Amino acid sequence: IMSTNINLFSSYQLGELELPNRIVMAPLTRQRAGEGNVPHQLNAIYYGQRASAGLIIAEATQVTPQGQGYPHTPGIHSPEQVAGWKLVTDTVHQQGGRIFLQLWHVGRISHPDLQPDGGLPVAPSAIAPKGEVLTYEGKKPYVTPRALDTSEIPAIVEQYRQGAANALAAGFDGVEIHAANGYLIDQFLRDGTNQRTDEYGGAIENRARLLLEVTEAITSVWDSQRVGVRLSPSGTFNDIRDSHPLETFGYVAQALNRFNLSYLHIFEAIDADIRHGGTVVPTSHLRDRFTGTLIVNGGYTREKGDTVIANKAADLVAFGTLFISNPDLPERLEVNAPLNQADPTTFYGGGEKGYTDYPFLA
Ligand SMILES: Cc1cc2nc3c(=O)[nH]c(=O)nc-3n(C[C@H](O)[C@H](O)[C@H](O)COP(=O)(O)O)c2cc1C
Ligand SMILES: [Ca+2]
Ligand SMILES: [Ca+2]
């Protein structure tokens, strides 16, 4: 096969997976799980509708009950949940698509009202996040999470591993480790949330240890090239920050090479991050260190996407917002068609409205 100019619509070889284009559907929490946090027919339709994506990353999905921080997010810990997700993966596959499950644990970003037996959210350190959390009794302030004991860490790792094994049984093509957006793995990574004094805190190699041990466990379940990791090096979402972001995420980028992963997925800096002035980590910093497939994300367009692909800054481009509103986003981007405008009042929770009722092209 001859040399060609690559763009958003070029095929890609993601391990054994043949991606029809470079367009990825970002993971998107929609809070529309059914009873017992089990996916159902409506969720299958939703993902099925978007199967023209080169790859779908499914919404954040908790690997364990303690890992839930928002009502009606799906889980991947129970047989009923596995059955539910199988319905989703079958539908995506019948539609000729590919889908990875994003494996979740919210850590301190939860509330006792959402925890089993009203227990405490767990975290690297007993540090209460600022602001409020939505519970069934309206908005309540966060409480101080419970700091995990050192000998509790193998249990967390087992929770991810079991979650990944369940995703495998549920027919997914791969998994993405949610190490971003201020949730549990991210909480351990960054020193604003991690003030431990054992082998999981302090020096960067310690702060990275949970992520690396979780990654190792999951590659004992999946072929490593079906395992991805998502980071948000510049994000402050959920009251998280790191004193030396370049050092921290630079180290992680390099350390992940030994695992021969499917990809590294970067949620890039939003305007809020620059304007409130945390150190912005350039994606090029991570591109120079992680040697495998790189997915970039955050406010991308057809033009910005072609740009990063053509100039080799990234290999895949994930879209979030635009996939909510445009189920056939790849087709529309290709022909420069008009795009449906997303309705943020229906991003979270509810039913088919603002979920499955966005119209296909023409
Ligand atoms: C409604 C909504 C739900 C999201 N859910 C997740 C999620 O479950 N896991 C995750 O890593 N990121 C999640 N994100 C962040 C997006 O995946 C993405 O990085 C962000 O929307 C920026 O991409 P975009 O500009 O293309 O929308 C969510 C974003 C939105 C708006
Ligand atoms: Ca193949
Ligand atoms: Ca290098």
# chains A, B, ... in the order shown; residues from 1 in each chain; ligands from 1
$ select_by_dssp --residues "range 32-72 of chain A" --states "strand (DSSP E)" --output "ChimeraX atom specification"
/A:55-62
$ select_by_dssp --residues "range 72-129 of chain A" --states "alpha helix (DSSP H)" --output "PyMOL selection string"
chain A and resi 79-94
$ residues_around --residues "range 355-361 of chain A" --least-positions-apart "6" --cutoff "8 Å" --atoms "only C-alpha atoms" --output "MDAnalysis selection string"
chainID A and resid 42 45:46 49 324:328 332 340 346:347
$ residues_around --residues "residue 298 in chain A" --least-positions-apart "2" --cutoff "10 Å" --atoms "only C-alpha atoms" --output "list in words"
residues 26, 266, 267, 268, 269, 270, 296, 300, 301, 317, 318, 319, 320 and 321 of chain A
$ write_last_selection --atoms "N, CA and C atoms" --output "JSON list (two decimals), in the first residue's frame"
[["chain", "number", "residue", "atom", "x", "y", "z"],
["A", 26, "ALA", "N", -15.65, 10.48, 22.70],
["A", 26, "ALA", "CA", -15.20, 10.64, 24.08],
["A", 26, "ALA", "C", -16.17, 9.97, 25.06],
["A", 266, "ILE", "N", -5.54, 12.07, 26.18],
["A", 266, "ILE", "CA", -5.37, 13.32, 26.91],
["A", 266, "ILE", "C", -6.53, 14.29, 26.74],
["A", 267, "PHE", "N", -7.19, 14.58, 27.86],
["A", 267, "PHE", "CA", -8.14, 15.68, 27.97],
["A", 267, "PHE", "C", -7.31, 16.94, 28.16],
["A", 268, "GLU", "N", -7.33, 17.83, 27.17],
["A", 268, "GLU", "CA", -6.41, 18.97, 27.15],
["A", 268, "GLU", "C", -6.98, 20.16, 27.90],
["A", 269, "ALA", "N", -6.16, 21.20, 28.07],
["A", 269, "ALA", "CA", -6.55, 22.36, 28.87],
["A", 269, "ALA", "C", -7.76, 23.09, 28.30],
["A", 270, "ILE", "N", -8.72, 23.40, 29.17],
["A", 270, "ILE", "CA", -9.83, 24.27, 28.83],
["A", 270, "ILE", "C", -9.48, 25.70, 29.24],
["A", 296, "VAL", "N", -6.10, 12.79, 21.45],
["A", 296, "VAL", "CA", -6.29, 14.11, 22.04],
["A", 296, "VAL", "C", -7.76, 14.51, 22.03],
["A", 300, "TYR", "N", -12.19, 20.12, 19.97],
["A", 300, "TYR", "CA", -11.70, 19.88, 18.62],
["A", 300, "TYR", "C", -12.77, 20.08, 17.57],
["A", 301, "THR", "N", -12.31, 20.46, 16.38],
["A", 301, "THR", "CA", -13.17, 20.64, 15.22],
["A", 301, "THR", "C", -12.60, 19.81, 14.08],
["A", 317, "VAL", "N", -8.44, 11.61, 17.41],
["A", 317, "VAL", "CA", -9.08, 12.78, 18.02],
["A", 317, "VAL", "C", -10.46, 12.41, 18.56],
["A", 318, "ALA", "N", -10.64, 12.57, 19.87],
["A", 318, "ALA", "CA", -11.92, 12.26, 20.51],
["A", 318, "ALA", "C", -12.80, 13.51, 20.64],
["A", 319, "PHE", "N", -14.08, 13.36, 20.29],
["A", 319, "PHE", "CA", -15.03, 14.44, 20.45],
["A", 319, "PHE", "C", -16.04, 14.04, 21.51],
["A", 320, "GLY", "N", -16.38, 14.97, 22.39],
["A", 320, "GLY", "CA", -17.37, 14.73, 23.41],
["A", 320, "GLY", "C", -18.71, 15.37, 23.08],
["A", 321, "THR", "N", -18.79, 16.68, 23.29],
["A", 321, "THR", "CA", -20.02, 17.45, 23.08],
["A", 321, "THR", "C", -20.66, 17.18, 21.72]]
$ closest_residue --among "A:112, A:245, A:20, A:163" --to "residue 82 in chain A" --atoms "only C-alpha atoms"
A:163
$ atom_distance --atom1 "CA of residue 6 in chain A" --atom2 "CA of residue 307 in chain A"
10.0 Å
$ residues_around --residues "residue 290 in chain A" --least-positions-apart "3" --cutoff "6 Å" --atoms "only C-alpha atoms" --output "PyMOL selection string"
chain A and resi 253-254+286-287
$ closest_residue --among "A:281, A:276, A:244, A:257" --to "ligand 3" --atoms "only C-alpha atoms and all ligand atoms"
A:257
$ decode --residues "range 46-94 of chain A" --atoms "N, CA and C atoms" --output "PDB file, in the first residue's frame"
ATOM      1  N   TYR A  46     -28.708   4.291  21.864  1.00  0.00           N
ATOM      2  CA  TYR A  46     -27.831   5.453  21.928  1.00  0.00           C
ATOM      3  C   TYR A  46     -26.445   5.182  21.341  1.00  0.00           C
ATOM      4  N   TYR A  47     -25.778   4.162  21.864  1.00  0.00           N
ATOM      5  CA  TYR A  47     -24.444   3.827  21.385  1.00  0.00           C
ATOM      6  C   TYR A  47     -24.493   3.273  19.968  1.00  0.00           C
ATOM      7  N   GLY A  48     -25.525   2.491  19.672  1.00  0.00           N
ATOM      8  CA  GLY A  48     -25.699   1.930  18.344  1.00  0.00           C
ATOM      9  C   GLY A  48     -25.775   3.030  17.305  1.00  0.00           C
ATOM     10  N   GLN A  49     -26.437   4.131  17.669  1.00  0.00           N
ATOM     11  CA  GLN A  49     -26.611   5.289  16.791  1.00  0.00           C
ATOM     12  C   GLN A  49     -25.293   5.928  16.403  1.00  0.00           C
ATOM     13  N   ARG A  50     -24.295   5.763  17.262  1.00  0.00           N
ATOM     14  CA  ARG A  50     -23.033   6.470  17.095  1.00  0.00           C
ATOM     15  C   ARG A  50     -21.900   5.567  16.616  1.00  0.00           C
ATOM     16  N   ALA A  51     -22.257   4.399  16.091  1.00  0.00           N
ATOM     17  CA  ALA A  51     -21.280   3.357  15.772  1.00  0.00           C
ATOM     18  C   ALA A  51     -20.412   3.658  14.547  1.00  0.00           C
ATOM     19  N   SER A  52     -20.638   4.795  13.890  1.00  0.00           N
ATOM     20  CA  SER A  52     -19.764   5.196  12.790  1.00  0.00           C
ATOM     21  C   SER A  52     -18.477   5.822  13.316  1.00  0.00           C
ATOM     22  N   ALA A  53     -18.415   6.053  14.622  1.00  0.00           N
ATOM     23  CA  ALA A  53     -17.164   6.461  15.255  1.00  0.00           C
ATOM     24  C   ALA A  53     -16.082   5.409  14.999  1.00  0.00           C
ATOM     25  N   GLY A  54     -14.862   5.854  14.714  1.00  0.00           N
ATOM     26  CA  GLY A  54     -13.745   4.937  14.577  1.00  0.00           C
ATOM     27  C   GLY A  54     -13.615   4.093  15.830  1.00  0.00           C
ATOM     28  N   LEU A  55     -13.862   4.722  16.974  1.00  0.00           N
ATOM     29  CA  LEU A  55     -13.931   4.007  18.245  1.00  0.00           C
ATOM     30  C   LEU A  55     -14.867   4.735  19.203  1.00  0.00           C
ATOM     31  N   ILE A  56     -15.716   3.983  19.894  1.00  0.00           N
ATOM     32  CA  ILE A  56     -16.492   4.545  20.993  1.00  0.00           C
ATOM     33  C   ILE A  56     -15.842   4.220  22.331  1.00  0.00           C
ATOM     34  N   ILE A  57     -15.634   5.241  23.149  1.00  0.00           N
ATOM     35  CA  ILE A  57     -15.330   5.011  24.550  1.00  0.00           C
ATOM     36  C   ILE A  57     -16.603   5.237  25.349  1.00  0.00           C
ATOM     37  N   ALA A  58     -17.109   4.183  25.975  1.00  0.00           N
ATOM     38  CA  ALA A  58     -18.362   4.283  26.714  1.00  0.00           C
ATOM     39  C   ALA A  58     -18.185   5.128  27.974  1.00  0.00           C
ATOM     40  N   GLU A  59     -19.305   5.575  28.533  1.00  0.00           N
ATOM     41  CA  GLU A  59     -19.309   6.482  29.676  1.00  0.00           C
ATOM     42  C   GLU A  59     -18.574   5.878  30.855  1.00  0.00           C
ATOM     43  N   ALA A  60     -18.097   6.737  31.745  1.00  0.00           N
ATOM     44  CA  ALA A  60     -17.473   6.271  32.968  1.00  0.00           C
ATOM     45  C   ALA A  60     -18.429   5.324  33.700  1.00  0.00           C
ATOM     46  N   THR A  61     -17.904   4.182  34.122  1.00  0.00           N
ATOM     47  CA  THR A  61     -18.711   3.109  34.674  1.00  0.00           C
ATOM     48  C   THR A  61     -18.011   2.565  35.920  1.00  0.00           C
ATOM     49  N   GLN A  62     -18.671   2.618  37.078  1.00  0.00           N
ATOM     50  CA  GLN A  62     -17.992   2.275  38.336  1.00  0.00           C
ATOM     51  C   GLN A  62     -17.705   0.774  38.473  1.00  0.00           C
ATOM     52  N   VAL A  63     -16.482   0.455  38.890  1.00  0.00           N
ATOM     53  CA  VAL A  63     -16.025  -0.927  38.977  1.00  0.00           C
ATOM     54  C   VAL A  63     -16.512  -1.577  40.269  1.00  0.00           C
ATOM     55  N   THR A  64     -17.015  -0.751  41.177  1.00  0.00           N
ATOM     56  CA  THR A  64     -17.425  -1.199  42.500  1.00  0.00           C
ATOM     57  C   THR A  64     -18.443  -0.185  43.042  1.00  0.00           C
ATOM     58  N   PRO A  65     -19.364  -0.627  43.919  1.00  0.00           N
ATOM     59  CA  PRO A  65     -20.396   0.272  44.461  1.00  0.00           C
ATOM     60  C   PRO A  65     -19.839   1.526  45.132  1.00  0.00           C
ATOM     61  N   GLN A  66     -18.723   1.387  45.842  1.00  0.00           N
ATOM     62  CA  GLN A  66     -18.085   2.538  46.473  1.00  0.00           C
ATOM     63  C   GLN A  66     -17.552   3.531  45.452  1.00  0.00           C
ATOM     64  N   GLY A  67     -17.424   3.085  44.201  1.00  0.00           N
ATOM     65  CA  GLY A  67     -16.880   3.926  43.147  1.00  0.00           C
ATOM     66  C   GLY A  67     -17.898   4.837  42.487  1.00  0.00           C
ATOM     67  N   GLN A  68     -19.142   4.798  42.960  1.00  0.00           N
ATOM     68  CA  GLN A  68     -20.203   5.644  42.404  1.00  0.00           C
ATOM     69  C   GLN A  68     -20.274   6.993  43.118  1.00  0.00           C
ATOM     70  N   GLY A  69     -20.426   8.069  42.345  1.00  0.00           N
ATOM     71  CA  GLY A  69     -20.521   9.402  42.918  1.00  0.00           C
ATOM     72  C   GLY A  69     -21.659  10.213  42.331  1.00  0.00           C
ATOM     73  N   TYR A  70     -22.359   9.626  41.364  1.00  0.00           N
ATOM     74  CA  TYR A  70     -23.490  10.280  40.726  1.00  0.00           C
ATOM     75  C   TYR A  70     -24.605   9.263  40.571  1.00  0.00           C
ATOM     76  N   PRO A  71     -25.844   9.654  40.897  1.00  0.00           N
ATOM     77  CA  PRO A  71     -26.959   8.720  40.728  1.00  0.00           C
ATOM     78  C   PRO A  71     -27.100   8.264  39.283  1.00  0.00           C
ATOM     79  N   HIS A  72     -27.434   6.990  39.106  1.00  0.00           N
ATOM     80  CA  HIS A  72     -27.839   6.446  37.807  1.00  0.00           C
ATOM     81  C   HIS A  72     -26.721   6.394  36.763  1.00  0.00           C
ATOM     82  N   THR A  73     -25.476   6.373  37.223  1.00  0.00           N
ATOM     83  CA  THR A  73     -24.365   5.952  36.359  1.00  0.00           C
ATOM     84  C   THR A  73     -24.299   4.425  36.348  1.00  0.00           C
ATOM     85  N   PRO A  74     -23.970   3.816  35.192  1.00  0.00           N
ATOM     86  CA  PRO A  74     -23.946   2.345  35.166  1.00  0.00           C
ATOM     87  C   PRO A  74     -22.742   1.751  35.898  1.00  0.00           C
ATOM     88  N   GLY A  75     -22.854   0.491  36.305  1.00  0.00           N
ATOM     89  CA  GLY A  75     -21.757  -0.202  36.966  1.00  0.00           C
ATOM     90  C   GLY A  75     -21.277  -1.373  36.129  1.00  0.00           C
ATOM     91  N   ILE A  76     -20.116  -1.917  36.470  1.00  0.00           N
ATOM     92  CA  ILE A  76     -19.623  -3.105  35.780  1.00  0.00           C
ATOM     93  C   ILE A  76     -19.166  -4.140  36.823  1.00  0.00           C
ATOM     94  N   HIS A  77     -19.869  -4.196  37.954  1.00  0.00           N
ATOM     95  CA  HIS A  77     -19.487  -5.135  39.012  1.00  0.00           C
ATOM     96  C   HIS A  77     -20.449  -6.314  39.197  1.00  0.00           C
ATOM     97  N   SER A  78     -21.655  -6.228  38.637  1.00  0.00           N
ATOM     98  CA  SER A  78     -22.671  -7.257  38.877  1.00  0.00           C
ATOM     99  C   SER A  78     -23.044  -8.056  37.627  1.00  0.00           C
ATOM    100  N   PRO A  79     -23.534  -9.294  37.818  1.00  0.00           N
ATOM    101  CA  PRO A  79     -23.923 -10.092  36.653  1.00  0.00           C
ATOM    102  C   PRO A  79     -25.027  -9.416  35.857  1.00  0.00           C
ATOM    103  N   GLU A  80     -25.932  -8.719  36.542  1.00  0.00           N
ATOM    104  CA  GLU A  80     -27.017  -8.016  35.867  1.00  0.00           C
ATOM    105  C   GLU A  80     -26.468  -6.886  35.005  1.00  0.00           C
ATOM    106  N   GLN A  81     -25.439  -6.209  35.508  1.00  0.00           N
ATOM    107  CA  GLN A  81     -24.802  -5.128  34.770  1.00  0.00           C
ATOM    108  C   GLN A  81     -24.078  -5.672  33.546  1.00  0.00           C
ATOM    109  N   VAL A  82     -23.383  -6.795  33.710  1.00  0.00           N
ATOM    110  CA  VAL A  82     -22.689  -7.435  32.595  1.00  0.00           C
ATOM    111  C   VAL A  82     -23.682  -7.791  31.484  1.00  0.00           C
ATOM    112  N   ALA A  83     -24.805  -8.391  31.867  1.00  0.00           N
ATOM    113  CA  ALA A  83     -25.861  -8.721  30.915  1.00  0.00           C
ATOM    114  C   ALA A  83     -26.368  -7.474  30.201  1.00  0.00           C
ATOM    115  N   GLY A  84     -26.571  -6.402  30.958  1.00  0.00           N
ATOM    116  CA  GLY A  84     -27.041  -5.158  30.383  1.00  0.00           C
ATOM    117  C   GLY A  84     -26.060  -4.607  29.370  1.00  0.00           C
ATOM    118  N   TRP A  85     -24.784  -4.591  29.738  1.00  0.00           N
ATOM    119  CA  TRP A  85     -23.773  -4.051  28.843  1.00  0.00           C
ATOM    120  C   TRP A  85     -23.626  -4.909  27.590  1.00  0.00           C
ATOM    121  N   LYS A  86     -23.824  -6.219  27.726  1.00  0.00           N
ATOM    122  CA  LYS A  86     -23.734  -7.137  26.587  1.00  0.00           C
ATOM    123  C   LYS A  86     -24.729  -6.733  25.506  1.00  0.00           C
ATOM    124  N   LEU A  87     -25.915  -6.312  25.938  1.00  0.00           N
ATOM    125  CA  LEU A  87     -26.912  -5.765  25.025  1.00  0.00           C
ATOM    126  C   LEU A  87     -26.367  -4.543  24.282  1.00  0.00           C
ATOM    127  N   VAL A  88     -25.630  -3.686  24.986  1.00  0.00           N
ATOM    128  CA  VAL A  88     -25.032  -2.514  24.354  1.00  0.00           C
ATOM    129  C   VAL A  88     -23.941  -2.918  23.353  1.00  0.00           C
ATOM    130  N   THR A  89     -23.034  -3.799  23.766  1.00  0.00           N
ATOM    131  CA  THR A  89     -21.919  -4.156  22.888  1.00  0.00           C
ATOM    132  C   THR A  89     -22.414  -4.916  21.659  1.00  0.00           C
ATOM    133  N   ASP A  90     -23.398  -5.794  21.839  1.00  0.00           N
ATOM    134  CA  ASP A  90     -23.983  -6.510  20.701  1.00  0.00           C
ATOM    135  C   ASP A  90     -24.551  -5.539  19.674  1.00  0.00           C
ATOM    136  N   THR A  91     -25.198  -4.477  20.146  1.00  0.00           N
ATOM    137  CA  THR A  91     -25.837  -3.514  19.250  1.00  0.00           C
ATOM    138  C   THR A  91     -24.807  -2.694  18.478  1.00  0.00           C
ATOM    139  N   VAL A  92     -23.747  -2.275  19.164  1.00  0.00           N
ATOM    140  CA  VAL A  92     -22.658  -1.551  18.521  1.00  0.00           C
ATOM    141  C   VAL A  92     -21.985  -2.431  17.456  1.00  0.00           C
ATOM    142  N   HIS A  93     -21.834  -3.712  17.767  1.00  0.00           N
ATOM    143  CA  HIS A  93     -21.163  -4.632  16.855  1.00  0.00           C
ATOM    144  C   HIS A  93     -22.041  -4.967  15.653  1.00  0.00           C
ATOM    145  N   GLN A  94     -23.336  -5.174  15.882  1.00  0.00           N
ATOM    146  CA  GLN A  94     -24.262  -5.378  14.770  1.00  0.00           C
ATOM    147  C   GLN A  94     -24.242  -4.161  13.843  1.00  0.00           C
TER     148      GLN A  94
END
